[PDB]
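K.L.:
First the structure, then my questions, so here it is.
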Amino acid sequence: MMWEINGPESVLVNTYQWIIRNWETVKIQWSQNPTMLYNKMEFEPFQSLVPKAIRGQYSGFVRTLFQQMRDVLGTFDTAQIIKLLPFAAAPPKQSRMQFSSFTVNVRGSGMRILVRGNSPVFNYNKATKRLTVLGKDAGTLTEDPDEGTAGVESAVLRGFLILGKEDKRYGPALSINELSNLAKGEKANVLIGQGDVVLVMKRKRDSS
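The numbering of the sequence shown is the deposited numbering, which starts it at 1 and goes up by one.
Structure representation (structure tokens):
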């Protein structure tokens with residue numbers, strides 16, 4: 001698509017706008033054949049905006065984060081998928097980091113989309129169902145019938161489930177790096193980002 005022709009902000013907001021226009025059908029291909037969802041032309045414009053270095057490392061993170069949501073029924077999150085969907089276009093690459101952000105190149109440095117929650121580049125509110133990018137209204141989501149309500153977030157960490165807010169019972173917040181230490185099923189409080197400590201739990205079953 002020609003969104004490229006009026007450049008960067010136009011790829012951002014047109015990508016998200018397209019996504020929620022086509023959501024009905026995008027959501028179904030996400031489940032039935034996502035390699036081919038991620039291989040759609042309508043995403044090539046967006047991939048241009050992500051540094052050619054981490055680009056594919058991200059896509060790996062994200063492809064993994066999405067299989068986790070597929071595998072962990074009960075956790076479906078419509079916003080979180082739309083938000084990350086662009087980043088899975090780049091061809092994947094093993095990385096072992098837990099990205100809290102993704103950089104979109106905008107003016108000459110560009111902005112950062114959070115994995116967890118909101119950014120001027122991507123702004124959803126929940127009781128009003130309305131998406132806002134760079135100030136622009138990008139449409140509005142309608143959420144799934146089995147939209148998760150358990151407070152469990154399967155698409156923020158690469159082998160963990162966020163389970164709720166800080167639980168004192170489980171110790172002072174760890175750092176993200178220390179999460180490799182933990183064992184299956186093991187629950188800790190982490191520093192996720194912003195001022196946020198969340199209770200998480202190393203997942204008890206394997207990746208795929």
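In this text, a Cβ means the ideal position worked out from N, Cα and C, and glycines have one as well.
Leaving out the 5 sequence neighbours to the left and right, which residues in its chain are closer than 7 Å to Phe-160 when beta-carbon positions are compared?
P.N.:
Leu-179, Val-200, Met-201, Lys-202 and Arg-203, listed in sequence order.
K.L.:
Helix, strand or coil: how does DSSP classify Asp-71 here?
P.N.:
Note: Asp-71 maps to helix in three-state DSSP.
K.L.:
Just tell me which of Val-13, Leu-65, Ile-162 and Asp-196 has its CA closest to the CA of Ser-208.
P.N.:
The residue with the shortest Cα to Cα distance from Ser-208 is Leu-65.
K.L.:
Alpha carbons only, please: which of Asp-144, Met-2 and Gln-94 is nearest the one belonging to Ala-53?
P.N.:
Among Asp-144, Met-2 and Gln-94, the Cα nearest to that of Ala-53 is on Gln-94.
K.L.:
Going by CA-CA distance only, name the one from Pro-8, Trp-3, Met-2 and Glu-4 that's closest to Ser-109.
P.N.:
Checking every option, the nearest Cα to that of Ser-109 belongs to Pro-8.
K.L.:
I need the straight-line Cα distance from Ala-150 to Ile-192, nearest angstrom please.
P.N.:
Each residue's alpha carbon lies about 19 Å from the other.
K.L.:
Name the DSSP beta bridge partners of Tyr-124, please?
P.N.:
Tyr-124 pairs with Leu-131.
K.L.:
Is the CB-CB distance between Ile-19 and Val-26 below 8 Å?
P.N.:
Going by C-beta atoms, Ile-19 is nearer than 8 Å to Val-26.
K.L.:
Taking all protein chains shown into account, do 16 or more other C-beta atoms lie within 10 angstroms of the C-beta of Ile-28, making it buried, or fewer, making it exposed?
P.N.:
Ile-28 should be labelled exposed.
K.L.:
How long is the line joining the alpha carbons of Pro-45 and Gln-32, rounded to whole angstroms?
P.N.:
So the two alpha carbons sit approximately 24 Å from each other.
K.L.:
In the structure shown, what three-state DSSP assignment does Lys-83 receive?
P.N.:
The answer is helix: DSSP assigns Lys-83 an H, G or I state.
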